[PDB]
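What follows is the residue order along each chain.
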Amino acid sequence: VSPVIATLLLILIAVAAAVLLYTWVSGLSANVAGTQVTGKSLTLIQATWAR
Amino acid sequence: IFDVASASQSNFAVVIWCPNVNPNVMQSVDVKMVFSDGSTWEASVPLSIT
């Protein structure tokens, strides 16, 4: 009755690993920060200097 | 006091009060406006009596 018991334990193992892959994949996603785009250059109201 | 002022169709005036301006020693002055989008506009005003 060896084959019958062997097959059962193998089925359970593969199911458990697949579900674990899902959690890891989805957690991996939506895990990217990125950047902001600086606005257009600031208009120059004045440039001057003093002592 | 608000940071931005807006206007619409038809005529409108601008009232400016700067105590530092002296008509007896200044021939003319100039005014500059800065838009919300960043573009600019300028006009010329004589001060001389006449």
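Here is what the cut-offs are and how they apply
- Throughout, residue numbers begin from 1 within each chain and advance along the sequence as written. They need not agree with those in the entry, and any residue without coordinates is left out.
- Here the convention is simple: chains get letters from A, ligands get numbers from 1, in the order in which they are written.
- For these chains, which sit within a larger assembly, all listed values pertain solely to the part presented.
- The side-chain numbers reported here are obtained from all heavy atoms of the structure, hydrogens and water having been left aside.
- Only runs of H or I of at least four residues qualify as helices and only runs of E of at least two qualify as strands under DSSP, and these elements are numbered from the N terminus.
- To get the radius of gyration, use the C-alpha atoms; to get the globule rule, take the number of residues to the power 0.38 and multiply by 2.2 Å.
- Classification of residues uses two cut-offs on accessible area relative to the type maximum, computed with a 1.4 Å probe and protein chains only: under 20% is buried, over 50% is exposed, and between them is partly exposed.
- Per-residue and other accessible areas follow the Shrake-Rupley method at a 1.4 Å probe size, with only the shown protein chains counted as cover for residues.
- UniProt positions are given in the numbering used here, feature names are shortened, and annotations may be inferred rather than shown by experiment.
- Cavities and pockets were defined on a 1 Å grid built over protein atoms only: a cavity is a set of grid points that admits a 1.4 Å probe from which the probe cannot escape, a pocket is an open set flanked by protein on both sides within 12 Å along at least five of seven lines, and lining residues are those with an atom within 4 Å of any such point.
- Grid points are joined across faces, edges and corners, and a volume is the space filled by probe spheres set on the points.
- The residue classification treats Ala, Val, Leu, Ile, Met, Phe, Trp, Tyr, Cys and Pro as nonpolar and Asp, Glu, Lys and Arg as charged. All others, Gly included, are polar.
- Two strands pair if DSSP finds at least two bridges between them.
- The patch calculation keeps residues exceeding 30% relative accessible area without a salt bridge and links them within 9 Å when they carry like charges or within 5 Å when they are nonpolar (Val, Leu, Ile, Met, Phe, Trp, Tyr).
- Each reported salt bridge corresponds to a side-chain nitrogen of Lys or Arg within 4 Å of a carboxyl oxygen of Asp or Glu.

A few words now on the overall build of chain A. Secondary structure assignment for chain A yields 1 helix and 0 strands. Computed over its C-alpha atoms, the radius of gyration of chain A comes to 30 Å, more than 25% above the 10 Å expected for a compact globule of 51 residues. Dimensions of chain A, computed from the C-alpha atoms along their principal axes, are close to 100 × 20 × 10 Å. Counting every position in chain A, which comprises 51 residues, the buried fraction comes to 0%. Total accessible area on chain A is roughly 5,500 Å²; 70% of this is exposed by carbon and sulfur atoms.

With that settled, consider the UniProt feature "transmembrane region" (unreviewed entry) in chain A. The UniProt record marks residues 5-25 of chain A with the feature "transmembrane region" (unreviewed entry), using the residue numbering of this structure. As annotated, residues 5-25 of chain A comprises 100% helix and 0% strand, and the C-alpha atoms at either end are separated by 32 Å.

Residues and elements named next belong to chain B. Computed from the structure, the largest pocket encloses a volume of approximately 490 Å³. Around the largest pocket, the lining residues are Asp3, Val4, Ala5, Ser6, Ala7, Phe12, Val14, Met33, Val34, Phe35, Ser36 and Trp41. Among the residues making up the lining of the largest pocket, the classes are represented as 9 nonpolar, 2 polar and 1 charged. Space inside the second largest pocket adds up to approximately 210 Å³. If you go around the second largest pocket, the residues you meet are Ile16, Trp17, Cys18, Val21, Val29, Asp30, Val31, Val45, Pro46 and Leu47. Elements that contribute at least two residues to the lining of the second largest pocket include exactly β1 (28-34) and β2 (40-46). With 3 residues, β1 is the single largest residue contributor to the lining of the second largest pocket. A class-by-class count of the residues in the lining of the second largest pocket yields 9 nonpolar, no polar and 1 charged.

All names here are of chain B. Bridging between β1 and β2 involves 7 bridges; their strand directions are antiparallel. Opposite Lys32, over in β2, you have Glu42 as the bridge partner. If you look at the hairpin formed by β1 and β2, you'll find 5 residues sitting between the two strands, and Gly38 has a positive phi there, around 105 degrees.

Take a nonpolar patch on the surface next. All names here are of chain B. Where nonpolar side chains cluster on the molecular surface, the patch consists of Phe12, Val14, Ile16, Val31, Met33, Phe35, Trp41 and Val45 and spans about 800 Å² of accessible area. Broken down by secondary-structure element, the contributors of at least two residues to the nonpolar patch are β1 and β2. Topologically, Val45 is positioned in strand β2. Judged by relative accessible area, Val45 falls into the partly exposed class, the value being 37%.

Before going further, it helps to examine the environment of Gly27 of chain A. All names here are of chain A. Relative to the elements of secondary structure, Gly27 occurs in helix α1 (residues 2-28). Judged by its relative accessible area of 44%, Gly27 is partly exposed. Sequence separation between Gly27 and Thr48 is 21 residues, and the spatial gap between their C-alpha atoms is 53 Å.

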